[PDB]
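K.L.:
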Amino acid sequence: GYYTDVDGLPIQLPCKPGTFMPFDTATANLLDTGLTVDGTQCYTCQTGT
Amino acid sequence: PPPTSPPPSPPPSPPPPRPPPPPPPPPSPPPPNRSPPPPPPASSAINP
């Protein structure tokens, strides 16, 4: 659910509304194939969500 | 009568020892790494 951009983050920040982070790159539901979820960027929710 | 023969000289006194020296100060610390590296541009879009 959460994400961390910079290094010295004490607690992992939660994803803001209208965004979603899947558990893994291949265990997502609606992700354009040309991207992956390293864990530092919370992707935007696809059209019709 | 001739006087009694004088006695020989007595031994010299013992000498004192020498103390040890204090430790020298620690070496000067080096300054930190040479500046930051050049900034990155940033790439692409990052939009799903």
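In order, the protein sequences belong to chains A and C.
Quick note: the authors' numbering has the first sequence finishing at residue 1600, numbered continuously throughout.
Quick note: the authors' numbering has the second sequence finishing at residue 1939, numbered continuously throughout.
Where a beta carbon is used, it is the ideal one built from N, C-alpha and C, also for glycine.
In this structure, does DSSP put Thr1587(A) in helix, strand or coil?
P.N.:
coil
K.L.:
Can you name the residues of chain A whose CB is closer than 7 Å to the CB of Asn1938(C)?
P.N.:
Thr1595
K.L.:
Would you decide whether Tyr1594(A) is buried or exposed? Buried here means 16 or more other CB atoms lie within 10 Å of its CB.
P.N.:
buried
K.L.:
Could you name the residues of the same chain whose beta carbon sits closer than 8 Å to that of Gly1552(A), not counting the 5 residues immediately before and after it, in chain order?
P.N.:
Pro1565, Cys1566 and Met1572
K.L.:
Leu1582(A) touches chain C at which residues, Cβ-Cβ below 9 Å?
P.N.:
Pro1939
K.L.:
Flag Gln1563(A) as yes if its beta-carbon sits less than 7 Å from any beta-carbon of chain C, otherwise no.
P.N.:
no
K.L.:
Under 8 Å Cβ-Cβ, which residues of chain C neighbour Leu1560(A)?
P.N.:
Ordered by position in chain C, no residue passes the 8 Å Cβ test against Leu1560(A), which lies about 19 Å from the chain.
K.L.:
Helix, strand or coil for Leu1564(A), going by three-state DSSP, please let me know.
P.N.:
The answer is strand: DSSP assigns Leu1564(A) an E or B state.
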